[PDB]
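As written, the chain order gives the labels A, B, C, D and E, with residue 1 at the start of each chain.
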Amino acid sequence: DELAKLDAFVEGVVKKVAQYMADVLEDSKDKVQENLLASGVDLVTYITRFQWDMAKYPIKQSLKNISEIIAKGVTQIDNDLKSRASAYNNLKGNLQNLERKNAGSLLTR
Amino acid sequence: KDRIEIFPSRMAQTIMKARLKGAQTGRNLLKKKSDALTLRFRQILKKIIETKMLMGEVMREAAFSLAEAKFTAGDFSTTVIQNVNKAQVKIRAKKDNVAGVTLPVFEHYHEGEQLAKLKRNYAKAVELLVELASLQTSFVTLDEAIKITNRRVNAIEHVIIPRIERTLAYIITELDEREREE
Amino acid sequence: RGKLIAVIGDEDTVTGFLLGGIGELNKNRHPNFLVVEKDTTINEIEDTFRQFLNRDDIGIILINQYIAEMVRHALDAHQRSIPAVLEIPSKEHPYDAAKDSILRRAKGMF
Amino acid sequence: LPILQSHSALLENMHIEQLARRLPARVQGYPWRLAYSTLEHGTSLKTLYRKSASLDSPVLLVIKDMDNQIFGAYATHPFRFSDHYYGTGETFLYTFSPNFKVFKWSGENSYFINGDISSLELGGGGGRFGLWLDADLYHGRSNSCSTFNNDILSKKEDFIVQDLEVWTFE
Amino acid sequence: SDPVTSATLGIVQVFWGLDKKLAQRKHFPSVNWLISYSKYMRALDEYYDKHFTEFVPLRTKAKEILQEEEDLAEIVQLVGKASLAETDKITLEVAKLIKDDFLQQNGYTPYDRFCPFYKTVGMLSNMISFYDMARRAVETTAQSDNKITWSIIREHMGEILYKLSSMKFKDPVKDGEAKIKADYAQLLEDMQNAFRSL
């Protein structure tokens, strides 16, 4: 049960951090989806060739402790994405609001 | 009494100088205790007037929740008073220490969407109230210990040290007499 | 085990703090709340307040401030720290201000 | 391209460039904050643990010895008092000797970091430590340990700290 | 203050002072370990180095423990022990053990009419070994989710504390040097096993 909740969480963090890269790059959703990589290889190659990373996640620990190591790192990536996305979106909003005051009525200009 | 009744001798001087250094040390440690208790007392007084300015949010929201809920359901208070039984939020007493004074504190432990919103909006209020009573049981207990400590600092300064100094001045005066007789 | 919390309030803040899970009635069938309905005799809001004040099972007493004020006599007379009396706000009667029985210790300081 | 630091003192830009190429994906693109420096905060191991106690991200240790050699470790966890060894295999030792060398995990043992009231040390495998420091941050020692298969990190096995810094990514 | 005492302490190399509080509390011999002195401790240094080797470090630590407790005892009278650190509870409780079960000696009973120096060094070795282990267990579990205390040690080690406080009851006229050493060495093993098990 604890892993089933944790999978749905990290799959969501993967979808968020992928979606926000498409919102940043803008050029086309298929080109972004083609230019996703894990360890510098295509995701189909990454999954097909999987080997556990002993350094990031220790084998000789309990299944519970390994699960918590993965959960902490995913939670950090989620928080740092939220922070960076908010800070970048503010510039994008402000620059567009200056453009909206170059546009508009002779009253508002 | 003006003096400690000890009979004049170089032994009596040695004892009364040991009492003087004892009392002057006791006063300085009790002055440190008085400050350490007072620093905590002037801290939790800020926590009290701060927490009471969150009641003016969480009770408003709870009151609006109750108006909306009784408006939605027609009634509760005719029956949810009468339905009372063994019940699910309680207090465990627990302890904190400040300069060797022990302070009592409390620990909360726990045994349709509009009603669920009301249950949230009241449960988050009893989490202020069981905190604020921890601050008020601390504050009222800490005020007492400052008074007892300041009274000892005053008694050592005004009552105990002067009686030692009068005794010690008498001993020196009587030893000059014995020397002049000899 | 642990103490209860007790409530001395207008009927709407005895539905509040009861839909909040506070408060029982004991083996003797003594309750844990009082309801100051508009025709309440002034003695009642002391008569039970003294019963809470010297029971062993009550840890906190929550009182709407306007009916602490009806017993400001009996309520400021509580010098101990054993049951903590919180003077909570009410509905249309104004919120918690000055006149609180515990804050007054800091007279030259708050 | 070179990273952003909120100050610096033991590292010149050619040290920053060569370290920043090697740090893990966890900490690439984060600004570096000075958690502890003997030159800012006074010199003791109790101060180093006190300044580190609030942290919850990796750290870089930088040491200059009295022979002016620069060396240290990158560690996955802050330096804290621990009953047993702690850390993970992204930990590494490094030195500029004068060329830059980095000693990543051998895979042999997990003796990465151990902290005591009177010392801080990294590595294990018999009586060896890749890096050990005393309570004063005055004496240290380095020898090859099988956790990292490192060289001597200093000019000598036994050395005196000239100055020391702990950086965190935050 | 007396002219005879003032003249005598200008001459003699050893002085064993009394404490009237120890005498009134019927602690014997009533010797004051904070005003007594010997000026032969450097002269005897080669004898202890040749014949005993272990002792001078034990004596040194014992005199530190007894002075540290005299510094603590003046303050706990004012502020009632509640602020006292676990190392300092450890210090008071070993100072009591030394005072009551080493420095106290009944001169009118077969086992302690005369304490030989192997019995003396053995008892002090075990009490100072307990202090080293007990203080290490407390310090080495500060900054931890599980923290050792004097009370945790006392609850775990009451039979070791009973054996230590009982080391004085060995009779050197009935029990040989080899037996008394073997018993005291078994108590060190029992201490080490008990602390390793904590």
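We take it that a residue touches a chain if its C-beta (ideal position, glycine included) is under 8 Å from a C-beta of that chain, and two chains touch if they have at least 3 such contacts.
The chain list, named the UniProt way, goes like this: B = V-type proton ATPase subunit D; C = V-type proton ATPase subunit F.
Chemist: Is the structure still one piece when chain B is ignored, or which groups does it split into?
Modeler: Once chain B is set aside, the chains that still touch form these groups: A, D, E | C.
Chemist: Enter the minimum step count from chain B to chain D; a value of 1 means the two chains touch.
Modeler: Counted as steps through touching chains, the separation is 2.
Chemist: Going by C-alpha centroids, which chain is farthest from chain D? Tell me that one.
Modeler: C
Chemist: Give the identifier of the chain nearest to the protein's overall CA centre, each chain being represented by its own CA mean.
Modeler: It is chain B that sits nearest the middle.
Chemist: Across the interfaces B-E and D-E, which one involves more C-beta pairs in contact?
Modeler: By the number of C-beta pairs in contact, the winner is B-E.
Chemist: Determine the centre-to-centre distance between chain C and chain E, using the mean Cα coordinates as centres, and give it in whole Å.
Modeler: Comparing mean C-alpha positions, chain E is 58 Å from chain C.
Chemist: Between chain D and chain E, tell me the centre distance in angstrom, where each centre is the average of that chain's C-alpha atoms.
Modeler: Computed from C-alpha means, the inter-chain centre distance equals 43 Å.
Chemist: What whole-number Å value describes the gap between the mean CA coordinates of chain B and chain C?
Modeler: A distance of 22 Å separates the two centres.
Chemist: Could you list each pair of chains that touch, in label order?
Modeler: Touch list across chains, by label: A-D, B-C, B-E, D-E.
Chemist: Would you mind writing out the residues of chain D in touch with chain E in their complex?
Modeler: 49, 80-81, 83, 116-117
Chemist: Spell out the residues on chain C that touch chain B in their complex, using ranges where they run on.
Modeler: 2-5, 11-12, 14-25, 31-33, 35, 59-60, 62, 80-81, 84, 86, 88-89, 91, 95-96, 100, 102-103, 105-106, 109-110
Chemist: Touching chain B in the complex: which residues of chain E?
Modeler: Per the touch definition, chain E meets chain B at residues 1, 74-75, 78-83.
Chemist: Could you please specify the touching residues of chain A with respect to chain D in the complex?
Modeler: Interface residues on the chain A side: 54-58, 60, 73.
Chemist: Would you mind writing out the residues of chain E in touch with chain D in their complex?
Modeler: Against chain D, chain E makes touches at 139-144.
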